[PDB]
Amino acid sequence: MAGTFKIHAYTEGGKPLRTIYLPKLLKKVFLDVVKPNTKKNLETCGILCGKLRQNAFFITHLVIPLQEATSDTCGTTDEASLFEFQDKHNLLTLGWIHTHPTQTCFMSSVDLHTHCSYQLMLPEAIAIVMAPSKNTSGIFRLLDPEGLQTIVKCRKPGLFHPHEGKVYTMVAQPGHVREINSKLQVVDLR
């Protein structure tokens, strides 16, 4: 009908990307759940989990794993329990979301290395970054193959370090991510 369209989304390398359906509620619900950390200027992450149905992914569960909260990272500390939870409930990893309580909306060095594993496993994988002090948010991915290659090769120690060239980009509007009016379940493993 009116205001509808078909999308064919491609990576930089020309690979077709399947659609990910994102609940309209997810961003705001996530900010609600992790507010105690945000008020302390501490980052929190959640994993975007779901299922593949008729050639498209549906995010159904926002899973908050055990993690180490700092002012500039929120790395998962117990991947075993996260994996066990996802396996038991047949939930795929589709991406992740995290806060920048006071920072601008961008992808940090750590964020790019974190995302690399997601997007190697699933070309469609996304990183949602909420920057509530700026009232902004963004959905990002690495360039594929070029950015994935840069991060795979990067051995710089040091929490925050620069990268040579363009490495990441915001998901286009419209593009392979579509919002839908769906229910949401938050699963907190903490």
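All residue numbers refer to positions in the sequence shown, first residue = 1.
Of the two segments examined, 93-101 and 80-88, it is 80-88 that shows the higher average Cα temperature factor in the deposited entry. Comparing 149-157 with 55-63, the stretch with the higher mean C-alpha B-factor in the PDB entry is 149-157. Looking at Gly138, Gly46, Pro36, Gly50, the one whose CA carries the top B-factor in the deposited record is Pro36. Split the chain's modelled residues into thirds by C-alpha temperature factor. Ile180 is in the highest one. Per the PDB record, residue ranking by Cα B-factor puts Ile128 in the lowest third of the chain.
Sort the chain's modelled residues by C-alpha temperature factor and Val29 lands in the middle third, per the entry. In the deposited entry, the Cα temperature factor of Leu42 places it in the lowest third of its chain's modelled residues.
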